[PDB]
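Please treat every number below as a calculation from the coordinates, not as lab data. Note that each Cβ is placed from the backbone with ideal geometry, even for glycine, and that neighbours are counted across all protein chains shown.
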Amino acid sequence: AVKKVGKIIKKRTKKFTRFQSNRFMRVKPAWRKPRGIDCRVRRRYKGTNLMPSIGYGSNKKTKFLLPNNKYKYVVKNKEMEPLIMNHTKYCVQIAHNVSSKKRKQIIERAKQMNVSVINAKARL
Amino acid sequence: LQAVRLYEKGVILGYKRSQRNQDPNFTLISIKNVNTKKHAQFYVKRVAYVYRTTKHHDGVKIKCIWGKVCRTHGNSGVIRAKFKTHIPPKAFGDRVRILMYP
Amino acid sequence: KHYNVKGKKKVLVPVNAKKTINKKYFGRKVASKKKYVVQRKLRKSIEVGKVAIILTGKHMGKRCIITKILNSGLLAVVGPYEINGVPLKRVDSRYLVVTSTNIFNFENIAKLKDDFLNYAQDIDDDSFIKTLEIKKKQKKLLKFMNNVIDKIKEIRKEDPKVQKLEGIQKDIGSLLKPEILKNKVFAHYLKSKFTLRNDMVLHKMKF
Amino acid sequence: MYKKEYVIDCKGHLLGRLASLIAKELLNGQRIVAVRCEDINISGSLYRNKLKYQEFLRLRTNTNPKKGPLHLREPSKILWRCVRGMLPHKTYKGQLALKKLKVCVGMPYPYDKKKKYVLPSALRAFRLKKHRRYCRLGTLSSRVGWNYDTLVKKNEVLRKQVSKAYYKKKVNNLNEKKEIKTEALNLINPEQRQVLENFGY
Amino acid sequence: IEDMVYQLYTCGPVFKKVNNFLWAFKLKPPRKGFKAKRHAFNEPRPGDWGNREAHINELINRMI
Amino acid sequence: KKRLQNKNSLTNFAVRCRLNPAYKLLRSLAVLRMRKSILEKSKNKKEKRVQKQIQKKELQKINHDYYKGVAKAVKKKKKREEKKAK
RNA sequence: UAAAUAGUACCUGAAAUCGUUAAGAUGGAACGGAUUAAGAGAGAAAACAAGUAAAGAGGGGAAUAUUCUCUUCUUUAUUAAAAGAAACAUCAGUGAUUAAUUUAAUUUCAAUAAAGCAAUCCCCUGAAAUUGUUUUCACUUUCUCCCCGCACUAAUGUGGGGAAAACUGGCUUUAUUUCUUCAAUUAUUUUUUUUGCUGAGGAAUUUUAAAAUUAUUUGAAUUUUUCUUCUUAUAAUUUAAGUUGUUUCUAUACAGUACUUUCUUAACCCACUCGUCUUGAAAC
RNA sequence: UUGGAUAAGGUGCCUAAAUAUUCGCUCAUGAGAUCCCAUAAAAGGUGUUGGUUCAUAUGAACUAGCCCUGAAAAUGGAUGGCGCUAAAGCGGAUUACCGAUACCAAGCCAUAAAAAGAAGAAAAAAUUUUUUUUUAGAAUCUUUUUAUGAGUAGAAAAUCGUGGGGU
RNA sequence: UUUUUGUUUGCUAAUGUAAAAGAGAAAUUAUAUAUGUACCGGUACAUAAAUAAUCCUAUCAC
């Protein structure tokens, strides 16, 4: 069912799973388009692992923005200069390969910059 | 005695059905004494579903689902009801309230 | 103030505007492009002298008497506090089912229609509204149960706006006591609550 | 439909239509009980019904009769199996619908003191032309091997005696209460007496 | 617009312009339904396809 | 230009008056027509039907002639059948 | 020894598989698709609180090692506003409805209360003397009466044979239609009663013009006037120019039973092992 | 995706919807119940319904609807089952209904086409002054409009990752 | 068996509804007719013929 929250209108959840990935371990949950001949999914039988298509794509007016109504952006060491102007539009996430000292300085600068952080409590 | 009701009882049936073709969008509701469509149209009002739970949910043991009766269905006084959420099919046969207000 | 499209004569009412949205290119504009909206109007059979049934409030099923329109569509009612023991309740038409009995059809009730009408215009929606600082004081004590439920009651009693309406209801009840009380059947009609009996049928019964 | 249970007397009813109404009631979560199944009627000739049940008896799975389709002979279970076949019994909801139904041949005890209901969509006089052959299902059961009919009839007459006694006693009581009400009508005020007399209460 | 109304209801000078200008009407299914898509209208059996002359207005009033 | 809510050109009075410049004139004439008394028709109901007596006589005559022709056809067919009998 | 969960199969140690503990389910397949509901986990970046005064810890830079600034967190009281949802109302689109409606057309009639006509006759109809024209008899009501059966009936009456006028019925006159109908259908218009769903977008040189409404004024008009119309000039309203407002709740809290989400269970409906060559694959 | 209204087809239950109306026929001791579609004939019937032709309310001769015989195969068996006779059968007439990823209205995506483009202050909250959000100009782009949206073999575009290498 | 407080090491208090909101209603029986009353299947008289389209039963405190 479509989920409606504020202004972001999402049309689908339950990230799609590969056909037959239930009773076959070697088939991983990552989706693929089965080619086959009589492969059911291609025929689109009534109610059996319906496949992704273009129609499920959300609205580009709101597409990439996160429930924070704010696009996310990665940071590594000190790259906060391009964030000063658009503090109402871009949230910042620390890269997972950042040590505690650098992450501490980044969180210090960001908090006074007044920009939200996603993984604030990382490795501490 | 006490505990006035001022509502009518109704029974939940299957969803807006068709043989080997489901459509879990609406709900079918039958009422106490109505029998014709001409008298079924008399109801366009709010509906409250009440059910119990094994453990407390928000400080009480009871939570409810609202909805509105949209339009009569068929000729024998059965109505279609649209709720904020789909009724789980565990509910078939239980009693539901159609409230005089509105 | 009205507009007579197709002879409807709908009447207009001043309207405020508070919704704020960031506009397309640069700034933020007030959403409500309009300033006036047609009033609510009511069902054909709602008048001051009528008797009705409240349907949802915690006074469920009690019978009451219409009082006066409050310029907001929401109408004030009095189930006299010394007869039915019900306070003022600014409630809505579609929450308040009205019967077909008008209280002023009674010969000895028609005499106090003038006083009932003259006692109504004083009440208003800003009187019925709740005060912000009083709400704050009420919420302060949430952060023994008998103590808190007595605190809430006495705070609402000391509420400065309350006393006006309390006196108004006392006056209404004192005026309406004897003539209503002398009719035993009417008094019990106003005192008894309304249930639904399985023998009757809602759709086939006209209000 | 809206009571804790119904009890249905089966005097002069047709099996198919009765089963239809019963099953439709059952599928909406309502408990139904049927009594005096020995008086179920079937449209057709006695020998035609006998022939059809003879063919039913002829039918049996060859591999192992233990797994065979249970033929049954009791009229109550005949009606029960008809309703089961007519109701979607293979699902969980259908299983609940099937097992919400109870039936007992003849009268039992805990059901003779509750009001019986008759379904006007299955009465033989209404739904059959008087000149066409019909049947009594108890005789069919006896033919196909019930051997418990005369006992039910004797129990029926034994219950009938007590029923007549109770009915006469309650008729006496009701006729006394009516006199009490009519005599006490005039002790009330004129306004209340007119209120009663206007609507006949 | 009333010029179009007249130019249509009366067979006048201008059709190859107006009809080419006016997109094909998209019609809603009937309020009650057809009689039989599979049988002619003039057949004694109920049916719909064929020549309806003056009757088409009734079915248009539910087509709308 | 941006597409807006396409106003119903059949009931929305403002947009309908924009489309057809004379609609308010036509509706005012309709209101004036409908706002007449009932005594006029109450006393002209006969006056508008008694002057239909000549047409009623004509209709009686024409349908009478139709049925007369049909009856003559019936009688001629019956006579031909009697002749062909022997 | 930093680590022995690095202990000689010794860097990391997934999967098939197996073990333990916990939770759940278990009526001849299991697993699943779509919709939920209950449970069990987690979760603050929108899921309420900017600033304002005080004090604890820090910090910085400008001013010429002391002034000022900006301040970031813990506490205290000090107050916001806003966001979502629910309810109501309004509007627009979009339907479903429940009562209608002017004026015409189509052999409609039906009554009212005062006359007359006609007796197997009348408005109808039926059968007989290059088409139309004319003629004869034969047609109904009865609680009317006679003769035969005289009680024979389905019958509180009756079969058959005969008499009767004429309330019944039909026709031609006058005045009315509300005592009573003005039917049914089509053309041309008009409203109405109860309510479901949706609310896109956000207009710095077309969200303006006019379009309508009100209240003035202008001349005129005609269907002949309180929704009568056409503008001269004025100021706003919106039915114009895609849903706005009001009251609550979330909620006066920093993680919870609420709220969002993952997972497991169930529930109504559906679903035949894939890949393959093949006209034809789930295939015995 | 959200509502409305339908097609074929159904309205006893399974199975969402009419034991709906109304007009006739049918007793089957192997009734009958949709084209493809899952068999039935020659001949008959003093069963019953309606007709036509003749003879003096009767005799005969025909005529067509339903029904009966003809009518027999092997695991136990199928109008799909149950069952169905004032039908839930047959053949109509009538309305009301339920019924789609079809149709209509609205929203969103993508493709194609289309119209057009290489520089300025708005609002809110406190109290005139501060704070609060923006103040946009990227051509394989930005704004807007309309239409359409199925696919094996097959082709093309935008894409997402992997071992490396300059930058 | 009666009353109150509760069920908010693998454990050692502890909870679940296929259906409360007046979940009210006991004659049997035949359909081209029945049931009761007094007599000996019959005699005579009432009752019944839209039957639940009914009746009973709830608010008046303290």
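A few comments on the model shown:
- Bridgeable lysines around D:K52 (alpha carbons under 24 Å apart, same-chain partners fewer than 8 residues away excluded): D:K11, D:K66, D:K67, D:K77, D:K129, D:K130.
- Kyte-Doolittle at least 1.0, axis length at least 20 Å by Cα - qualifying DSSP helices, chain D: none
- Sequence-distant residues sharing a close amide H with B:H73 (under 5 Å, placed H): B:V78, B:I79, B:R80
- Fewest-first sequence of D:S76, A:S116 by Cβ atoms within 10 Å of each Cβ: A:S116, D:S76
- Put simply, the stretch C:45-114 fits an ellipsoid with semi-axes of 19, 14, 11 Å; these come from the alpha carbon gyration tensor as the roots of five times its eigenvalues, largest first.
- Amide N of the stretch B:1-37 lying under 12 Å from the label point, which is placed 7 angstrom from the Cα of B:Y51 along Cα→Cβ: B:12
- For the stretch E:29-46, putting each phi into the Karplus relation 6.51 cos²θ - 1.76 cosθ + 1.60 with θ = phi - 60° gives couplings of x, x, 5, 10, x, 5, 9, 7, 4, 9, 10, 5, 6, 6, 4, x, 5, x Hz, in residue order, rounded to whole numbers and with x for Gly and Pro.
- Size descriptors for the stretch D:65-104: radius of gyration and Dmax over Cα atoms are 10.9, 29 Å.
- Within straight-line cross-link reach of C:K136, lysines at Cα separation under 17 Å, skipping those fewer than 8 residues along the same chain: C:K151, C:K153, C:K157, C:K161
- FRET efficiency, 1/(1 + (r/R0)^6) with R0 41 Å, evaluated for B:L1 and C:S127 via beta carbons: 0.65
- Shown in residue order for the stretch B:50-62 are the 3J(HN,Hα) couplings computed by the Karplus curve 6.51 cos²θ - 1.76 cosθ + 1.60 at θ = phi - 60°: 10, 9, 9, 9, 6, 10, 5, 10, 9, x, 9, 8, 10 Hz (x for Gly and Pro).
- Residues in the stretch A:19-56 that a label on A:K63 would reach, taking backbone N under 13 Å of a point 7 Å out along Cα→Cβ: A:54-56
- Between the stretch B:1-71 and the stretch C:112-176, the alpha-carbon center distance in angstrom: 37 Å
- Long-range HN-HN contacts of D:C135 with modeled amide H, under 5 Å: D:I42, D:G44
- Structure note, pairs B:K16/D:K93; B:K84/C:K140; A:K3/A:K60: Cα-Cα distances above 23 angstrom occur for B:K84/C:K140.
- Taking the fewest neighbouring Cβ atoms within 10 Å as the starting point, the ordered list for E:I60, C:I53 is E:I60, C:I53.
- Calculated from backbone phi, Karplus (6.51, -1.76, 1.60) coupling profile of the stretch F:2-11 in Hz, x at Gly/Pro: 4, 7, 9, 4, 5, 5, 5, 6, 10, 10
- Other protein chain C-beta atoms within 10 Å of residue C-beta, averaged over C:196-205: 5.
- In chain A, the alpha-carbon atoms span a convex hull of 178 Å³ per residue.
- Cβ-Cβ FRET estimate between C:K34 and F:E40, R0 fixed at 41 Å, reported to 0.05: 0.35
- Using only the C-alpha atoms, the convex hull of the protein assembly as shown corresponds to 489 Å³ per residue.
- With all pairs of different C-alpha atoms in the average, the Kirkwood value for the hydrodynamic radius of chain B is 14.5 Å.
- Per-residue Cβ neighbour rank within 10 angstrom, fewest leading, C:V38, C:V185: C:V185, C:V38
- Here's the list of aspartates and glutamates a cross-link from A:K76 could span, going by alpha-carbon distance under 19 Å and ignoring same-chain residues fewer than 8 apart: A:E108.
- FRET efficiency for the D:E197 to D:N173 pair, using the beta carbon distance and R₀ = 25 Å, is estimated at 0.50.
- Less than 5 angstrom separates the built amide H of D:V7 from those of D:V33, D:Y117, all sequence-distant by 5 or more or on a different chain.
- The stretch F:14-86: C-alpha gyration tensor shape, a/c 1.5 cut-off, then a/b vs b/c: oblate
- Cβ-placed point charges (K, R +1; D, E -1), dipole of the protein assembly as shown about Cα centre in debye, nearest 20: 4740 debye
- Expected 222 nm ellipticity per residue - DSSP helices of 4 or more, -39500 (n - 2.57), all of the protein assembly as shown, to 500: -10000 deg cm²/dmol
- A protection proxy built from the mean count of other Cβ atoms within 10 Å ranks the segments A:106-113, D:111-118, A:54-61, most packed first, as A:106-113, D:111-118, A:54-61.
- Beyond 30 Å in Cα-Cα separation lie the following of the pairs C:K6/C:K206; A:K14/A:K72; B:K82/F:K2; D:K113/D:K181: C:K6/C:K206; B:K82/F:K2.
- Extension reserve of the D:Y117-D:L151 stretch, reckoned as 0.36 nm per residue once the Cα distance is removed: 9.8 nm
- The distance separating the Cα centre of the stretch F:39-53 from that of the stretch D:35-103 comes to 75 Å.
- Diffusion constant of chain C at 4 °C, which comes from Stokes-Einstein with the Kirkwood Cα-pair radius and 1.567 mPa s, µm²/s: 63 µm²/s
- Net charge of neighbours whose Cβ lies under 10 Å from the Cβ of B:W66, counting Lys and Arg as +1 and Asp and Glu as -1: +3
- Cα convex hull of chain E - mean projected area over all directions, nm²: 5.6 nm²
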